[PDB]
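>>> Structure, please.
(one chain, ligands or ions: 1)
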Amino acid sequence: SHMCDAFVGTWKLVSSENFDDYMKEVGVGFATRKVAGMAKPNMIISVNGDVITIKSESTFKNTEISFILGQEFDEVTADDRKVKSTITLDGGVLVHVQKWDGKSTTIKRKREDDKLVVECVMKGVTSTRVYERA
Ligand SMILES: O=C(O)c1csc(COc2cccc3cc[nH]c23)n1
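Numbering: from 1, shown residues only. Shown next is the protein structure:
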């Protein structure tokens, strides 16, 4: 057992709040927001040694990132930003910071009861997205 055990698995989106406004804050254009906001992604989290992989699959886009905690990587986000990302574990919360064009946004993933809760923040705009096991 180990570092991310309680996050590993296949998760499905069950609710979202304020995601359109979060995406507006990030700078996402109208048509991408509409199609992305309609998506119902499955998130697939796995661990092999020290390497964590997070996949997000939907009709909008399929993404995959692999990383080592605390070790920066370059990521092309689903909305086509080129960002410098670092993911760390802080008190049992996976904290994903993206840096680009002098801006920053943070995506936190938390296990709460039987759910996996995703909190996306930029400036004062937050979105909360709740996933359940698939
Ligand atoms: O609920 C999630 O898993 C979740 C929330 S935010 C995230 C990764 O970032 C993004 C994904 C899709 C679209 C956009 C647009 C801006 N950022 C985006 N994944």
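>>> Which stretches in the chain count as helices?
19-26, 30-38 (DSSP state H).
>>> how about the one residue sitting closest to the centre of the chain, what does it touch?
What sits nearest the mean C-alpha location of the chain, by C-alpha atoms, centre = their mean, is residue 107, with 5.6 Å. Each residue near residue 107 by C-beta atoms under 8 Å, 6 or more residues apart in numbering is listed here: 95-96, 98, 118-121. C-beta: built from backbone N, CA, C; applies to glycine.
>>> Quick check: it vs residue 31, distance?
22 Å (C-beta to C-beta, to the nearest Å).
>>> ok, residue 22 to the ligand distance?
Distance, residue 22 to the ligand, using C-beta to the nearest ligand atom, to the nearest Å: 7 Å.
>>> With only the CA atoms kept, save stretch 104-124 in CSV.
Taking C-alpha atoms only, stretch 104-124 is exported to CSV below (Å, rounded to 0.1, in the frame of the first residue of the first chain):
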residue,chain,number,x,y,z
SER,A,104,-1.6,30.2,-12.2
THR,A,105,-4.4,27.8,-11.4
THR,A,106,-4.7,25.0,-8.9
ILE,A,107,-6.7,21.8,-9.1
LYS,A,108,-7.1,19.9,-5.9
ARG,A,109,-8.3,16.3,-5.7
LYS,A,110,-9.5,14.9,-2.4
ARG,A,111,-11.1,11.7,-1.1
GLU,A,112,-14.2,12.5,0.8
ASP,A,113,-16.5,9.6,1.9
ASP,A,114,-16.9,7.5,-1.2
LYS,A,115,-16.3,10.4,-3.5
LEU,A,116,-13.4,12.0,-5.2
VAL,A,117,-13.8,15.8,-5.1
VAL,A,118,-12.1,18.1,-7.6
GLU,A,119,-11.7,21.8,-6.7
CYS,A,120,-10.4,24.1,-9.4
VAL,A,121,-9.4,27.6,-8.4
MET,A,122,-8.2,30.6,-10.4
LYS,A,123,-8.1,34.0,-8.7
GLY,A,124,-11.3,34.1,-6.8
